[PDB]
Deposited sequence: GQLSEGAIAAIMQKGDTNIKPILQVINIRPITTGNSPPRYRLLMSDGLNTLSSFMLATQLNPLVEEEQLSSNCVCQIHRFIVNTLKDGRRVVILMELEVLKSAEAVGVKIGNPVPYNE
């Protein structure tokens, strides 16, 4: 996993990286919108929203808890309260949830 990528996105917002992340959980906000808890191996963060166009990846289970994916296109928006949210626009699942089988490492919540 791209250890440090979550910190980097939150602190600099550099779109020009293509991080490898693990999906820890996916929760719908109810036409569903999917919010993801992602890990870079060091930190976890739930400030990830899936673009609607990528919903079939969730609904057909390609993207599910424990899978490993590479983010190819994302954008960072900052809310009024100053919190940053990542919108995922293009990604590829590198290893399925079934193949990985477990949470990788012991990531802790991004806290800076």
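Taking the deposited sequence as numbered from 1, list the residue ranges that were left without C-alpha coordinates.
1-2, 33-36 are the stretches of the deposited chain that have no C-alpha coordinates in the structure.
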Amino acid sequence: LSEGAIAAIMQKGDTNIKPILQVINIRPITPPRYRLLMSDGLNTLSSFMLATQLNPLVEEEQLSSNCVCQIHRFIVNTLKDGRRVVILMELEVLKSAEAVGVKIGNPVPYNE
From here on, numbers count along this sequence of modelled residues.
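Once you work out the mean C-alpha B-factor for both 87-95 and 10-18 from the entry, which is higher?
Higher of the two, by average CA B-factor, is 10-18.
Between 59-67 and 76-84, point out the one with the higher average CA B-factor as the PDB entry records it.
Higher of the two, by average CA B-factor, is 76-84.
Which has the highest CA B-factor per the PDB entry: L42, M49, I29, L45?
Across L42, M49, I29, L45, the entry lists the biggest C-alpha B-factor for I29.
What third of its chain's C-alpha B-factors does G105 belong to: lowest, middle or highest?
Its C-alpha B-factor, which the entry lists for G105, ranks in the highest third among residues of this chain.
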